[PDB]
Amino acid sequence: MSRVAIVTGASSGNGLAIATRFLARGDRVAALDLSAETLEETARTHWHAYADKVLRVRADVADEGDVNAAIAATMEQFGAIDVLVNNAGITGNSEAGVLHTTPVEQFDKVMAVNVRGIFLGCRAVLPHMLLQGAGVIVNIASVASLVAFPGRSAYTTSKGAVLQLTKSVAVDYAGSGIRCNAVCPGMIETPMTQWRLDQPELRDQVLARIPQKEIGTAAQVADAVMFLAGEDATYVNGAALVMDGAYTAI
């Protein structure tokens, strides 16, 4: 058995762990990211044993042309699309902090990548999943879809849209064999957050708000994705699986 999974933001962090997990299970993966060079370096160092089973596609998820071509390339190469994991996401730069001082260009960029990218990915894959009569979509949202992360306004805003888009696809397509759920990770150690977590004071600060008193990992994010993408979640649809050491429970 070998499902076809598309994973965005696949060259590092959560996306890399997710793509490797699908590969380790025997699935075929279309790994999409911004740099063809980085994708090849990732393939040589992390996906060496899978070589052929992973199709590396350069694509900016915020671009309709790139996304449509990536889905067309996936269909040409593997012949179906069973799972779509919309993982690509950005926080916005050092200036995308509180609302009033975040540059208009940064708000737009964060919304384009984090939300429009997910809309475009789903829009490109649904016709194929519909034809198949079955398909699974896992969106990587965040606890910021439920509570606001201080000093990260654009990001928080974008994640509220990710959660509702998730529920929208579930409601409109559950009757047609599609499953759509979101993982809502709390604080996870990745290249996106490493800058903050590397500073004792900031790390202590966020840990103070995590009852579990630990920072999550990309492997734990991949665990949740694999659960939502498989046979053990056939009745889970339109749901948010929060994986945050109880951060949102207080």
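Residue positions are given as counts along the sequence shown, with the first one as 1.
Between the two ranges 190-198 and 27-35, the one averaging a larger CA B factor in the entry: The deposited B-factors put 190-198 ahead on the C-alpha mean.
Average Cα temperature factor in the PDB entry - higher stretch of 124-132, 94-102: Here the higher of the two C-alpha B-factor means belongs to 94-102.
Chain-wide C-alpha B factor ranking for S158, given as lowest, middle or highest third: Lowest third, going by the recorded CA B-factors of the chain.
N14, C-alpha B-factor rank within chain (lowest, middle or highest third): Tercile = middle for this residue's CA B-factor.
Record-listed C-alpha B factor of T217: chain third: Ranked within chain, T217 CA B lands in the middle tercile.
CA B-factor placement of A246, once the chain's modelled residues are sorted into thirds: It falls in the bottom third of the chain.
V113 CA temperature factor, ranked by third within the chain: According to the entry, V113 has a C-alpha B-factor in the chain's lowest third.
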